[PDB]
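Coordinates in review
Okay, here's what each chain looks like letter by letter:
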Amino acid sequence: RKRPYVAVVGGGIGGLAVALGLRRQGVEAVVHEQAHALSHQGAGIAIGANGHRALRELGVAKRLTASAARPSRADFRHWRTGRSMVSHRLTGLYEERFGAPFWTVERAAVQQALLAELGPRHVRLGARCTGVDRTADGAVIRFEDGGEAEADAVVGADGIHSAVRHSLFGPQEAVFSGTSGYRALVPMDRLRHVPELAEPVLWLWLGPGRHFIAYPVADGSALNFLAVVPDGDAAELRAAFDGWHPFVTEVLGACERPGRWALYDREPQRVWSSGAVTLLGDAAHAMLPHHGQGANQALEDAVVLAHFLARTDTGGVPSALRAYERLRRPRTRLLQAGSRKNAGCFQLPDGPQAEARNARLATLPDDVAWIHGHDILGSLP
Ligand SMILES: Cc1cc2nc3c(=O)[nH]c(=O)nc-3n(C[C@H](O)[C@H](O)[C@H](O)COP(=O)(O)OP(=O)(O)OC[C@H]3O[C@@H](n4cnc5c(N)ncnc54)[C@H](O)[C@@H]3O)c2cc1C
Ligand SMILES: [Cl-]
């Protein structure tokens, strides 16, 4: 009984993590990534306890300790007055409650740590997938350059515009939010004038029509920011935050060339898997960035999918892909819905609804425990 050889399309967090996770449990997995080399851009992400646990399982948490940063609190700030509307301490309480720390870190750092632990030799650069056809015993991936690679299982981790998803279920439009995210890492030495940044904090500035998130990365030496605005040029971004507190305007004014990303997600899908092909990460369940969980969820996907594929033979692959999907879909669906809800919530004008939002924010540790406190390993059979 042959154990499956596994081809993974995409070398982002999701693809690296699942390849790394498969190999750690004795399955041969190989990544096909379209880019000629992996980027060192892409700014900051937040790793919750739930994702931290996935990184421990995959053996990469120890390598990320240095470049991680440990926000002491989540501080929800009024757009105009700069007052702390709601605050929750993370130092100690977060780890005690949910079983692991809250980290903020560069995307690229997480990507690099995964790449190293997996081994770069397991990643084919320059391989752009254009398609996947199911065979009788497995599947074969088509590349742009005419190539092919057959396998006992194929995992589509090729992002929100997944070639693998298109092949399996046909054309499907990504859903535009009507907002853009501007993202940047600002060196802290360009922000000496901003005294709030003396403490490491997860900042969430909430206001009318738009919002602004900031946090430290690289052990406190740079500050990530994400500015979500109705929909790139720095002048138009600075203007969209006219009237806001100096903290926001000063941080925006310290980056000449921020990155702009139209923010899309997709409707939840009833089906991810077809014979020996399945999806993972943004390809399976793309969400807006408003829970800070997309990477976290790709990591959960990776752990769970590696578990099922490490325990089967070639003939058990379809069943294993369906078991992964059946466990992962409901959770990701709720996060998708939640991330949409939060886009609205973060952008209310001043008024009763915003005051009611603020009230429900007081009970946030209970209300999001299902996310941060989730034990991925304990969810398995
Ligand atoms: C502004 C913003 C802020 C965010 N903040 C957070 C946060 O705080 N916390 C969090 O957990 N998540 C966050 N996310 C979400 C997170 O970045 C993603 O969910 C996560 O990186 C998705 O990883 P992935 O591997 O599924 O996909 P991607 O990172 O999209 O990787 C896909 C890979 O596949 C490759 N590829 C694509 N098509 C092909 C092809 N046809 N053939 C071969 N290779 C291909 C790409 O080159 C890429 O390397 C944020 C997202 C945004 C937009
Ligand atoms: Cl996200």
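Position numbers follow the written sequence of each chain, starting from 1, instead of the entry's numbering, which may differ; residues with no coordinates are not represented. To read the labels, note that chains go from A and ligands from 1, taken in the order they are written. Water and hydrogen atoms play no part in the side-chain values, which are based on all heavy atoms of the structure. Residues with missing side-chain atoms are left out of burial classes, side-chain pairs and their counts.

What follows is about the UniProt feature "transmembrane region" (unreviewed entry) in the protein. UniProt positions are given in the numbering used here, feature names are shortened, and annotations may be inferred rather than shown by experiment. Within this structure's numbering, the places UniProt gives as "transmembrane region" (unreviewed entry) are residues 5-22. Helical segments are the DSSP runs of H or I of at least four residues, strand segments are the runs of E of at least two, and each set is numbered from the N terminus. Within the segment residues 5-22, helix and strand shares are 56% and 22% respectively, and the terminal C-alpha atoms sit 10 Å apart.

In this section: the UniProt feature "binding site: FAD" (unreviewed entry) in the protein. When the UniProt feature table is mapped onto this chain, "binding site: FAD" (unreviewed entry) is found at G14, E33, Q34, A46, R107, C129, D282, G292, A295 and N296. Within the fold, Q34 resides in the loop between strand 2 (29-32) and strand 3 (44-47). Among the structural elements, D282 can be located in helix 9 (residues 282-285). Residue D282 is classed as partly exposed on the basis of its relative accessible area, which comes to 37%. Beyond its immediate stretch of four places on either side in the chain, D282 contacts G159 and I160. A 1.4 Å probe rolled over the protein chains alone gives each residue an accessible area, and that area as a share of the maximum for its type sets the label: buried under 20%, exposed over 50%, partly exposed in between. Note on contacts: a residue pair is in contact if any heavy atoms of the two residues lie within 4.5 Å.

Before going further, it helps to spend a moment on the sheet that holds strand 15 (residues 222-230). Read across the sheet, seven strands follow the order 5-4-13-14-15-12-16 without closing on themselves; strand pairing throughout is mixed. The open sheet is flanked by strand 5 (84-89) and strand 16 (259-265), the only strands paired with a single partner. Direction aside, neighbouring strands of the sheet carry axes that sit 20° apart on average. Two strands qualify as a pair provided DSSP detects at least 2 bridges between them. Both strand 12 (residues 175-187) and strand 15 contribute to a ladder of nine bridges, which runs antiparallel. Bridge pairing in strand 15 links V186 to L223. Each of strand 4 (73-78), strand 5 and strand 13 (202-207) is contacted by helix 12 (residues 352-362), which is oriented at about 15° to strand 5, the strand it contacts most. Inter-axis angles, ranging from 0 to 180 degrees, are taken between N-to-C directions of lines fitted to C-alpha atoms, where helices are fitted over the stretch in contact.

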